[PDB]
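In what follows, a structure is listed as structure tokens, so that the remarks can point back to it.
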Amino acid sequence: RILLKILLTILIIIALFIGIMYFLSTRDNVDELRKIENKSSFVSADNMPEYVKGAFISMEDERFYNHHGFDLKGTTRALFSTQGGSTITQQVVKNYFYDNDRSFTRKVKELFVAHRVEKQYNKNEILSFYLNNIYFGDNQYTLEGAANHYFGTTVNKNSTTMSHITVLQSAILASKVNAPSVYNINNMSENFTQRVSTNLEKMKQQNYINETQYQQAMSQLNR
Ligand SMILES: [Mg+2]
């Protein structure tokens, strides 16, 4: 009975470690996320055109609405298995709280917190937290701030005061979020335009846009 007393002491130390991690993640109070809706330029996802929401979903988390914070498939491909690996929920937790570090223990507590926001918030609210708290360069942390700043367009579908964000622009912004900081929307390199091209194929292949919109976007991309 030697191999069971060691398999046990190990199985418990991990469960003990995992238990502590929970308490560390607690909290980390997800109620805090509502503070994002106070931003001067906050626009909720439900008030954005569908291709805009889809520029981000197809690029970052194509099964966004299906999961409960953790995407197994996307996280296996992501496990250094030759567009991952964090779900939009995980990125929301990372951006709001762990604005600083990226350690293994932070990655485990990040999982606990993510589960908690999925529990507390609906998918639309979570998508709104995401789009309103990511870095798009030039000190822009909101999609609308970004859209205004780079293009002078808006992402509020209801808006009538400002021109509407194009398919290309939605794809530039979505591509920028996890692009290397070197990618500069003010002066796009070939690697950047290649990246958005991919974002566009995905939008088309997932039917957030049709062939026509896509071709028009690609065309605009190449001037
Ligand atoms: Mg994941």
Side-chain angles (χ1 to χ4, degrees), residues 33-34 36-37 39-69 71 73-74 83-84 86-92 95 114 117-118 121-137 140-179 185 188 192-193 195-222:
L33 254 9
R34 226 93 227 210
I36 291 162
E37 309 163 352
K39 294 187 173 192
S40 181
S41 61
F42 174 88
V43 183
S44 42
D46 66 283
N47 288 127
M48 305 178 185
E50 180 64 24
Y51 63 71
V52 169
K53 292 149 54 175
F56 290 84
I57 290 168
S58 55
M59 192 66 165
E60 301 290 326
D61 199 1
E62 60 174 287
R63 296 169 287 282
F64 174 54
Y65 294 95
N66 306 178
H67 61 71
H68 301 97
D71 193 329
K73 179 165 190 296
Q83 312 304 327
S86 64
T87 203
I88 276 176
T89 314
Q90 299 174 264
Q91 293 175 58
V92 160
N95 293 346
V117 351
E118 285 281 343
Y121 302 97
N122 70 49
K123 288 290 187 171
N124 175 250
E125 297 168 328
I126 292 175
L127 184 42
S128 303
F129 295 152
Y130 184 63
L131 269 20
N132 290 277
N133 195 224
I134 23 193
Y135 183 62
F136 293 103
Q140 308 300 327
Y141 292 74
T142 76
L143 181 58
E144 173 74 355
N148 294 346
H149 165 72
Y150 293 103
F151 309 115
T153 62
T154 188
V155 304
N156 195 121
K157 60 179 188 159
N158 301 133
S159 177
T160 63
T161 87
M162 212 184 319
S163 179
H164 287 246
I165 189 182
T166 70
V167 167
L168 181 62
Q169 301 168 169
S170 307
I172 293 182
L173 297 185
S175 277
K176 170 60 178 167
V177 166
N178 287 302
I185 295 178
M188 286 171 62
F192 199 173
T193 83
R195 175 171 180 89
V196 332
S197 274
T198 300
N199 201 347
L200 286 169
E201 299 175 36
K202 293 185 184 182
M203 292 174 60
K204 173 179 76 60
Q205 149 75 20
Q206 287 167 40
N207 305 318
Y208 292 93
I209 59 171
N210 59 41
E211 180 61 27
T212 291
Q213 295 175 297
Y214 165 80
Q215 291 304 345
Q216 188 178 135
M218 294 305 265
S219 171
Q220 300 173 184
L221 185 55
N222 291 290

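Positions are given from 1, in the same order as the sequence printed here. We use all heavy atoms of the structure for the numbers below, so side chains are in, but hydrogens, waters and symmetry mates are not.
- What you find for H67 and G69 is that their closest heavy atoms are ND1-N, 2.9 Å.
- At least one side-chain heavy atom of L131 sits under 4.5 Å from a side-chain heavy atom of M48.
- Taking all atoms of both residues into account, the shortest heavy-atom contact from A174 to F56 is CA-CE2, 3.5 Å.
- Here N178 contributes atom CG and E60 contributes atom CD; the two are 4.5 Å apart, rounded to the nearest 0.5 Å.
- Partners of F192 according to the ring-ring contact (aromatic ring centres under 6.0 Å, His included) rule, which considers only residues two or more places apart in sequence or in another chain, are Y183.
- For the salt bridge (charged side-chain N to carboxylate O under 4.0 Å, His left out) test, no residue two or more places apart in sequence or in another chain qualifies with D61.
- Remark: the backbone N or O of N133 is paired with a side-chain donor or acceptor of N95 at under 3.5 angstrom.
- Between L173 and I185 there is a side-chain heavy-atom pair separated by less than 4.5 Å.
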Indicate every side-chain donor-acceptor pair of residues 141-150 with a distance under 3.5 Å to a residue at least two apart or in another chain.
{"unit_1": "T142", "atom_1": "OG1", "unit_2": "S41", "atom_2": "OG", "d": "2.7"}
{"unit_1": "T142", "atom_1": "OG1", "unit_2": "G145", "atom_2": "N", "d": "2.9"}
{"unit_1": "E144", "atom_1": "OE1", "unit_2": "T154", "atom_2": "OG1", "d": "3.0"}
{"unit_1": "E144", "atom_1": "OE1", "unit_2": "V155", "atom_2": "N", "d": "2.9"}
{"unit_1": "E144", "atom_1": "OE2", "unit_2": "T154", "atom_2": "OG1", "d": "2.7"}
{"unit_1": "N148", "atom_1": "ND2", "unit_2": "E144", "atom_2": "O", "d": "3.2"}
{"unit_1": "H149", "atom_1": "NE2", "unit_2": "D138", "atom_2": "OD2", "d": "2.9"}
{"unit_1": "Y150", "atom_1": "OH", "unit_2": "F136", "atom_2": "O", "d": "2.6"}
{"unit_1": "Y150", "atom_1": "OH", "unit_2": "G137", "atom_2": "O", "d": "3.1"}

Next item on the list: In sequence, state the C-alpha distance, the side-chain angles, and the governing distance for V117 and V92, and then conclude on side chain to side chain contact (heavy atoms under 4.5 Å, CB included).
Entry: CA-CA 9 Å; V117 351; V92 160; 5.5 Å; no

Check: Between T166 and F151, does a side chain to side chain contact (heavy atoms under 4.5 Å, CB included) hold up when you go through it step by step?
Finding: CA-CA 9 Å; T166 70; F151 309 115; over 6 Å; no

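- Heavy-atom minimum distance, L127 versus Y65: CD2-OH, 3.5 Å.
- Between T89 atom OG1 and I126 atom CD1 the span is 4.5 Å, to the nearest 0.5 Å.
- In this structure a side-chain-to-backbone donor-acceptor pair under 3.5 Å is present from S128 to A45.
- The salt bridge (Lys or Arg N to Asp or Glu O under 4.0 Å) analysis of residues 121-136, with sequence neighbours excluded, yields the pairs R34-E125, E118-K123.
- Residues satisfying the ring-ring contact (aromatic ring centres under 6.0 Å, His included) test with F129, not counting sequence neighbours, are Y121.
- By the salt bridge (charged side-chain N to carboxylate O under 4.0 Å, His left out) test, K53 pairs with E50, sequence neighbours left out.
- When all heavy atoms of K157 and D46 are compared, the pair lying nearest together is CE-O, 3.5 Å.
- Here the CG-OG1 distance, from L168 to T153, works out to 10.5 Å after rounding to the nearest 0.5 Å.
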Would you give me the side-chain donor-acceptor pairs under 3.5 Å for residues 214-222, sequence neighbours excluded?
{"unit_1": "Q215", "atom_1": "NE2", "unit_2": "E211", "atom_2": "OE2", "d": "2.6"}
{"unit_1": "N222", "atom_1": "ND2", "unit_2": "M218", "atom_2": "O", "d": "3.0"}

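- For the pair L200 and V167, the minimum side-chain heavy-atom distance is below 4.5 Å.
- When the side chain to side chain donor-acceptor pair (under 3.5 Å) test is applied to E62, no partner is found at least two apart in sequence or on another chain.
- Smallest separation of non-hydrogen atoms from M203 and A171: SD-CB, 4.1 Å.
- By the side-chain contact (heavy atoms from CB on, under 4.5 Å) test, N47 is found to be paired with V43, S44, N156, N158, residues two or more places apart in sequence or in another chain being considered.
- The side chain to side chain donor-acceptor pair (under 3.5 Å) contacts involving residues 195-208 comprise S175-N199, where partners must be two or more places apart or lie in separate chains.
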